[PDB]
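**Student:** Would you mind keeping the following structure in view while I ask a few things?
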Amino acid sequence: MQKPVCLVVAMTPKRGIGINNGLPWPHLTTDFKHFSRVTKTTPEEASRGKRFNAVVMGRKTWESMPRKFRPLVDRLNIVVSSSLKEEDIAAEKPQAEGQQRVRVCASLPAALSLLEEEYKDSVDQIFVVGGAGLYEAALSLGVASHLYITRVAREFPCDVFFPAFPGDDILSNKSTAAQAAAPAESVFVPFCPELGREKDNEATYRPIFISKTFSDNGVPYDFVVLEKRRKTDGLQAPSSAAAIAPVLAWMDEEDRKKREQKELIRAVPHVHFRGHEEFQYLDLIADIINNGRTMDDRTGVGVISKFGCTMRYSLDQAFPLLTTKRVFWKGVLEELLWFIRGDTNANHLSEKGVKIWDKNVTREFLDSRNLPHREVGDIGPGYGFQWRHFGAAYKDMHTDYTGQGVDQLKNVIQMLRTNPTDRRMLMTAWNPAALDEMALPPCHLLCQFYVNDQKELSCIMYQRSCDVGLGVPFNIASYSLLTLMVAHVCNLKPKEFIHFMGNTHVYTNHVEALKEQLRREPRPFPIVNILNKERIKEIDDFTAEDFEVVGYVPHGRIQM
Amino acid sequence: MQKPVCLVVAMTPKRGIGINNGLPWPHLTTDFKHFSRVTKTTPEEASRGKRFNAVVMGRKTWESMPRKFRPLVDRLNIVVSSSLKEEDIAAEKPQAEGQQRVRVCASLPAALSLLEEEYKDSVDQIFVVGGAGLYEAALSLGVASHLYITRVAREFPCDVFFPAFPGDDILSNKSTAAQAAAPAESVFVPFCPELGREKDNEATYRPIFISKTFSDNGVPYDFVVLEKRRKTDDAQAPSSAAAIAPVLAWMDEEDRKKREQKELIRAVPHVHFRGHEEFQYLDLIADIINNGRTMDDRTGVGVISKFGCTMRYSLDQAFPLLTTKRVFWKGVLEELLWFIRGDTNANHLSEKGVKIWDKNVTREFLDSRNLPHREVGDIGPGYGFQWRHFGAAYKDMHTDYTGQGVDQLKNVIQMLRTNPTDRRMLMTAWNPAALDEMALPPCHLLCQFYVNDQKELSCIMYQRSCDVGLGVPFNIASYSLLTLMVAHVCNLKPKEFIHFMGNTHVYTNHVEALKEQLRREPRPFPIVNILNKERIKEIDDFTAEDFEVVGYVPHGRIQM
Ligand SMILES: NC(=O)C1=CN([C@@H]2O[C@H](COP(=O)(O)OP(=O)(O)OC[C@H]3O[C@@H](n4cnc5c(N)ncnc54)[C@H](OP(=O)(O)O)[C@@H]3O)[C@@H](O)[C@H]2O)C=CC1
Ligand SMILES: NC(=O)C1=CN([C@@H]2O[C@H](COP(=O)(O)OP(=O)(O)OC[C@H]3O[C@@H](n4cnc5c(N)ncnc54)[C@H](OP(=O)(O)O)[C@@H]3O)[C@@H](O)[C@H]2O)C=CC1
Ligand SMILES: CCCCCCc1nc(N)nc(N)c1-c1ccccc1
Ligand SMILES: CCCCCCc1nc(N)nc(N)c1-c1ccccc1
Ligand SMILES: O=c1ccn([C@H]2C[C@H](O)[C@@H](COP(=O)(O)O)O2)c(=O)[nH]1
Ligand SMILES: O=c1ccn([C@H]2C[C@H](O)[C@@H](COP(=O)(O)O)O2)c(=O)[nH]1
């Protein structure tokens, strides 16, 4: 074969692709466009006498399409079938000018042999576009060099599934090969197709491309490209760049001289296009381990730190709940609702199964802070108290503080509702006069809001100290969620959460676990919907039952 | 010629290169390395049967070199002289088979012919390395495709100067006689060397490379590469990339259609390597103008804004006092000293010639803040009051507030001296309970400090609102100077200033003036020295006379 073969498919995390000879989900507008652009684009125009691509499909997929869309315009359509006749297809509807006559072939080898022989001068690329029968044939034959997979993050009822294939761990968690009961079921994919099924000819598909998350009709999804592999596997003029190179070389020495020293950490290095926004997070971990400085801290553990780091997360299609390790969403939600209430009683959290604060409000820890007058659970005048009562005198976690101090959150919302271009829409929890009264000095300590010219809301949060391993994914979810709630009660659309970080670190004893996490490819982000919107007029109206997380498919626990 | 010729030189902004047949400045270590690396660089190594480069020099430069460097090792040395004898040079040292005999030639064309003829197979590159007589011959001949110039930012006394040349405005501001004495005094540079001084054959030298600023022995300097140009131009694996291309093509479509419908602004786009840290600032201005959103601010005058921007400035070799427009240094230093004192009386600044607060402390402006009881000049419980007395109740600018509030600056200095790995070394001016008592709500509102494993101090400052045109360069200088001061009284070395920015904008009526500034190539940064260091033990001990700015050579005023 001289023509490239590719597979294009959209599937759920359990590989579901259809039901009752239709698609399983509501219409996915961006995926529809992607399918058209990929299958219609000549290879010459993408890099940026009639030549065109071919689409090969099974009989049921052909019949599954509305007669309006079939044949797929501007591509050569081949249908694999034993019953359908070419003349009937031509007689289905008038053949527009310049379109190719639809061919019917008895197998996939026959379809490809026809394309190689009869369309030698005219077909550039070949796309196998379904269904399960033809996908199975093309995988078992080994002819697909790349798979274009739209990863639909939600599960739907399905009765037709894409075949299990080597590389399908990109879709969902697999119970290892040391905890698997038996070798996982899978088509054999020949690396060299002419050598067929031989032990030394086993291929697998590895991702080279993972996009940011899209959504349509409440369905999150993204786009990946897998490449067939063996299982065992700045520009200027040529005068300008050559003149500059000796100077760059000596200026670049120190970076090189300490870079190749150790073997650098890198997250899933085979992924070339790193569109997924979670790559910011994975690359930050690698950056700290590779380039941070090790020092002892207050507890004496040993930290590796950098100073001054940033990430940004889009909020308009999906929600940045990180996927390479599960985020404790219930803790995020309950603790944010607690902050918003101005509540300083951590027992109200603990009693909901949210224990994140409890180690820091023990009688022991409070006494260590020289706070023996604090009841167990009382965090002092901390986060939510400064948000809603900044500067008020603090007595204990049971006191009614209504009307005392500055209500920054109310001021922020009122300013967004009346003068959104204002440049003072800030909320701070850093009160130096109160730090000695708190169980813990605040960590996420400042946030600022911004509205552009299209009613789109953004938030920045500044964090003085960030454990990237444990706390950072939680902090991202908290302030992203805060941005959704503020946006809804201010009649704005949530756009971007921006994370500014001071001392950004990982603990040395976590390094091995983090290296294992950095072998994981990120999954598409879930969608967070606000329920009962018509009932929720003010920030205090939200409750824990007013949220749903849709399509969250994180990796499982760490092997350590 | 089949072999390239380049000039390598270090000069002051007045083109001074030497005095008493020596160099004018103390030893510049990094420039010495640069010279060695560039002139010994095989073309092989840099971009990544013995071959070597040649260095061509005048008799006095040869005599100027210490015996240990005479001849320059691993390079073929050619001395242009009418009096030096090759045989006398060869008798000075053993003539080893591993090194090249020094050659003497009567002129530069003879030196170049010898190189092309007798060293056809062995010489890769030719470097003219001084002095003035050889540089003038090489420029007038037209044979140098590139100039490697070390821009020494200080004037030193010199008796030997590099010839005036087209492109020497890279060094300093040109007086009104820019086009006047240049044709009379500037060397004519042929573009095609064989066509001599024909009016059609005029060359000029343009920067393609501007590095960050270095320093040694109290001297700031940077590295530029200029390329010869005509005057009349002035006034992974292929399969992976091809598989990915169609997906990127449709993903980029919306942004592709915005870029080609806009005239995109770019600072000095002929500069390809943009190592100078001021490019962060010029790039930010361009990005705001290209990609910011226009809205009417408080005054309704027109502002273009982004949200969430960052820059970082090194403090270990030079000081980031921006060069494409002069910064009001005296204002920077006096206002910071005023902050540190906890002073809230702007009259103390105004009587020193620093008027920057005057418009915001007038009777009219205070009355508009509903502060009729404020005396003219009283900024309220603002920046330096919050630094030294956070939380204290304000009465007026005459009150003695000793011992009142939290002295954040003192706490930070004490923590840096006793426990520098602490992650709570912050200082904040954002007091939401005091904001209505201030003339202006603080702009630069939080700063955090950090010490690494090498006693090196860094500082982050968060600014909620940044007029990039008029406020940001001043702000950069204020907190960089603060970091120098803090590091000194804590026995630390200043490392880096990190600028975190919220609402980041330019006013629409400054755009044309800003475009003019974006045509300016940055100059090397100056050095800021602290004088009388042994007399200065505490942050309160600094006075205005304890600082000197060394080698500051900014561009002049803007026409627009
Ligand atoms: N989500 C997605 O990306 C896609 C979803 N789909 C969904 O998948 C389902 C249809 O796929 P499916 O149901 O598997 O049916 P197919 O589209 O695979 O067509 C099956 C028929 O094609 C012919 N055929 C298939 N494989 C072979 C083979 N190896 N050799 C010879 N002939 C072959 C036979 O035709 P005959 O019996 O006439 O000989 C067979 O009955 C529908 O629900 C559809 O909506 C379809 C495409 C992509
Ligand atoms: N900062 C820098 O980058 C450098 C600085 N320097 C400084 O520059 C000074 C020396 O430079 P300079 O004083 O200009 O003297 P040169 O090094 O240029 O040597 C001058 C001598 O070289 C010969 N010569 C020079 N030009 C020609 C020509 N066009 N044709 C023929 N012979 C020529 C003559 O030698 P004869 O009289 O024997 O015929 C002339 O007297 C020193 O102070 C040195 O330290 C030097 C190099 C680099
Ligand atoms: C008729 C065109 C629908 C295009 C959107 C659905 C789709 N998406 C992807 N990524 N791959 C596919 N193969 C298909 C598809 C193509 C043909 C029929 C059914 C589904
Ligand atoms: C003995 C070599 C000293 C190298 C440092 C001084 C220097 N810097 C630059 N950028 N260009 C130059 N041509 C020279 C130079 C080379 C030889 C003699 C004097 C100055
Ligand atoms: O919301 C939070 C709270 C805490 N931490 C981590 C960062 C530090 O490792 C530790 C806080 O201790 P100090 O910075 O105060 O030393 O907890 C977070 O990452 N996010
Ligand atoms: O240190 C400062 C102080 C002020 N500004 C600018 C930013 C704003 O354009 C203006 C203050 O206006 P508001 O953001 O407060 O509206 O002054 C600065 O850039 N730096």
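Quick note: numbers on chain B are straight from Swiss-Prot, i.e. 1-48, 71-257, 282-606, in order.
Cβ atoms are placed via backbone N, Cα and C, with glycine included.
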**Student:** Looking at Swiss-Prot, which one out of B:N336, B:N498, B:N521 binds dUMP in the same site as B:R344, B:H490, B:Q509, B:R510, B:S511, B:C512, B:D513, B:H551, B:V552, B:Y553?
**Tutor:** B:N521
**Student:** Ranking the binding-site residues B:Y157, B:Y553 by other Cβ atoms within 10 Å, which is at the bottom?
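**Tutor:** Result for the binding-site residues B:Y157, B:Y553: minimum number of other Cβ atoms within 10 Å at B:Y553.
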**Student:** Among the binding-site residues (B:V8, B:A10, B:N21, B:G155, B:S511, B:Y553), which are close to chain A, meaning C-beta separation under 8 angstroms?
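**Tutor:** The answer, in sequence order, is B:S511.
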**Student:** Non-local Cβ contacts of B:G18 (NADP(+) binding site) (under 8 Å, 6 or more apart, same chain)?
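**Tutor:** When sequence neighbours closer than 6 are ignored, B:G18 (NADP(+) binding site) has B:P24, B:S86, B:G152, B:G153, B:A154, B:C180, B:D181, B:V182 within Cβ distance under 8 Å.
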**Student:** Between the two most separated Cα atoms in B:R344, B:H490, B:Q509, B:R510, B:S511, B:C512, B:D513, B:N521, B:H551, B:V552, B:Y553, the residues recorded as binding dUMP, what distance in Å do you get?
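**Tutor:** The span, Cα to Cα at its widest, is 22 Å.
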**Student:** Within 10 angstroms of the C-beta of B:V8 (substrate binding site), what count of other C-beta atoms is obtained when all protein chains are considered?
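**Tutor:** For B:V8 (substrate binding site), the 10 Å Cβ neighbour count is 20.
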**Student:** Are there any residues at least 6 positions away along the chain from B:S103 (NADP(+) binding site) with a Cβ closer than 8 Å to its Cβ? List them or say none.
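**Tutor:** B:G80, B:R81, B:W84, B:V126, B:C127, B:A128 - these are the non-local Cβ neighbours of B:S103 (NADP(+) binding site), listed in sequence order.
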**Student:** Please report, as a whole number of Å, how far the Cα of B:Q282 is from the Cα of B:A257, with 24 residues unmodelled between the two.
**Tutor:** 40
**Student:** In whole Å, could you give the widest CA to CA gap in the substrate site formed by B:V8, B:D31, B:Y157, B:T172?
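**Tutor:** Site span for substrate, by Cα atoms: 19 Å.
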**Student:** Of the recorded positions B:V8, B:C489, B:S511, B:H551, B:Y553, which sits closest to B:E158 (NADP(+) binding site) by Cα distance?
**Tutor:** B:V8
**Student:** With the cut-off set at 10 Å between Cβ atoms, which of these binding-site residues ends up with the most neighbours? Options: B:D31, B:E158, B:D513.
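**Tutor:** When each Cβ's neighbours within 10 Å are tallied, B:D31 tops the list.
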**Student:** What are the sequence-distant neighbours of B:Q509 (dUMP binding site), meaning same chain, six or more residues apart, C-beta distance under 8 angstroms?
**Tutor:** B:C489, B:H490, B:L491, B:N521, B:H545, B:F546, B:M547, B:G548
